[PDB]
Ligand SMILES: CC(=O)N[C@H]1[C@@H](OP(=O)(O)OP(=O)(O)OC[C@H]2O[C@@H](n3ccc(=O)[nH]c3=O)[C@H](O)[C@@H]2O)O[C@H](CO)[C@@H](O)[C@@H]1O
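One chain comes next, on its own, written as structure tokens: the form solved without this ligand.
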């Protein structure tokens, strides 16, 4: 789900300039949820913009944002020419995990048939059923099945029972959040408070961007508790443009000056002045180019072919190849205490969990500690034992995944040392961990993680290299690995140069219903992540099978018709991988083998081979997964699917 609102205070914008700004903001957030969308602006057709703030218009439609962008336009009642000196517009894209993504269930919600209060919500209210029965008895009629409607029908209830004729919009919102349980990020708009917006959060992101050619009155808004030296506003004049949003990608295009709110911070823009109730106006360290497709037809394709660069960025300022030293600044004050601990636990979901499987072996090798890799959802169901001398890693590209974040607080309660491996600065997981590392792979827009996986991979390897930098016996092993990392970017380029060869094989498989991907050792993770990618964007039934497990049942599924992909690399499991290949062939399987270029034996005896360059055994997983990223991509194109917006989900599961 995404939030975006545009408040232009004394900056004349026509009704078209505002709508094209709300739509453009949702496009920046569409990857967080594209099942439905909606906008909320002022209606009426009066030249004097003052006589129009009493009429709220809601345009909501099922589908992606492009379905809403067309619904907004070509309307017979809205005149897109009205100049507004002051105006507020709120927008929202929804990830409909439940029920149908109907316009009635999309946001902004309303509080009545006249739109006196409209709210956009990101999160879940854990007691909306109680709030629904209380509001129904007082005389409020509910229309939608969502939990957001109980927030709109309630802000009006606090308005219908106030004490003074002019209670601030903050007071109303403050009484609402006190009756709301769970997490939420809200942005209000009302006809009673024209131009005023109220943005409160609790367990969900919500920042406020600001732009103005004039000087700002301060850079540290003082949080208040229920004047000219308290609010953020232009000094001499009134020209200012605010940008409420749940992410920074929707605001960077307009300005890089935002104010990240905090839990229970009730921001309020009144008379064009931003004030917080119950901060720091800062510069974003992001360039627009980072969230642009460039010359690629899709974000996912860009993010795959940019892995040579993102790998370099992950190691930048951390790996020195002249003296073979590794230093992760985020762990300098804790590395000593980590080494005195007795166990590593890696906790994550989906592709981030695979990154742990991909590096478990080398972590065991170089730390000599037990390494346990856990799926966050299952980790929580079982109340896994955790102790004070456990070091718990939490791998999360977004840094907001629910099950991973709750697992973190579970481990903190038991006194464990917590470490965050994130791709998002200021995220919940990066803040609430004792320490952490920012993989610094750049923004990931494609729903299917690609560079985030390889960057997590490299990051966990760098940690392993630190944990053994005092072992004489492991010095040569460290050198081998670091020389591999030095050569890794160019080898990734070599893999990407086989893009057309991968595309050809894709034309041989796109019609199939299933594909089994088999590997072991360092490439168990490879066959799991490759199977997940193909599931996610192609919708083929791909499954990863541990090669050593074939003989124990799954091999019965292999015949001449069942597609099979095998991974056979020149590491210590080569002979065993060859035995698995022989078993597949005996069952009449005709598999595609991802192997090393020098593996002449495999290349001669196998028709379809993807020949990747050889790297260090504990790094080869990075090179062996990329062909499967590309394969998943091409298969999706052949089948007529979008690689950036796979069906039935969105990016980052921030609510469970």
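Positions refer to the first chain, counted from 1.
There is another form of the same protein, the form deposited with this ligand bound; it is not shown, and what comes next is about it.
Note on the partner interface in the deposited complex: the residue among 253, 434, 571, 265 having a heavy atom within 4.5 angstroms of this ligand is 434. Out of the listed residues 561, 288, 585, 425, 425 is the one that sits within 4.5 Å of this ligand in the deposited complex by at least one heavy atom. For this ligand in the deposited complex, the listed stretch (512-520, 327-335, 167-175, 465-473) containing residues with heavy atoms inside 4.5 Å is 327-335. In the deposited complex, residue 318 approaches this ligand with a heavy atom inside 4.5 Å. Although the partner is absent here, residue 249 is not a contact residue: none of its heavy atoms lies within 4.5 angstroms of this ligand in the deposited complex. By the criterion of a heavy atom within 4.5 Å, residue 187 is excluded from the residues contacting this ligand in the deposited complex. Interface membership of residue 310, defined by any non-hydrogen atom within 4.5 Å of this ligand in the deposited complex, is ruled out. Not one of 530, 535 and 542 comes within 4.5 Å of this ligand in the deposited complex, counting any heavy atom.
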